[PDB]
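See below for the structure under consideration.
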Amino acid sequence: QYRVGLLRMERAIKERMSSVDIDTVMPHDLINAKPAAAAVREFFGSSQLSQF
DNA sequence: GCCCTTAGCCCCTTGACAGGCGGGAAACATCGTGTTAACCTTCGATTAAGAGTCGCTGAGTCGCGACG
């Protein structure tokens, strides 16, 4: 599930890096963190394996 | 024992507030528009390790006969 979240984050970073230039760019400014923690939250929030 | 006189209770008249829903007038936070023009002109899941049956389609096999 973290690999799925990382694939989503990679898609987001690929969609966002085309707009923001890489030369003189603020570090880690295009990498998102919502789908990273959202995947583990769903895994521990309402997953069938983490049900109880 | 009954009638007259006076006191207490009930009722009426006025009223000086108090503020209180509510529209208006105003000061201030919404909600639908625009507008800008420097680069990519196919994104992506999701069953599919049981099970009884409804509704449609399209291939290979035969009859009936005509023309040599």
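Neighbour counts are summed over all protein chains in view; Cβ atoms, including those assigned to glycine, are modelled from backbone coordinates with ideal geometry. Throughout, read-outs are computed from the coordinates displayed, never taken from laboratory work.
List of remarks:
- Number of positions in the stretch A:39-52 that are among the hydrophobic types (A, V, I, L, M, F, W, C) and farther than 11 Å from A:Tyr2 by Cβ: 3
- Any chance A:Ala12 is outside any loop (DSSP other than H, G, I, E, B), within 15 Å of DNA strand B (Cβ to nearest atom), in contact (Cβ under 8 Å) with a residue 12 or more places away in the chain and small (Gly, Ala, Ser): yes
- Qualifying position, being away from DNA strand B (no atom under 12 Å from the Cβ) and surrounded by 12 or more Cβ atoms within 10 Å (Cβ to Cβ), among A:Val40, A:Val25: A:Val40
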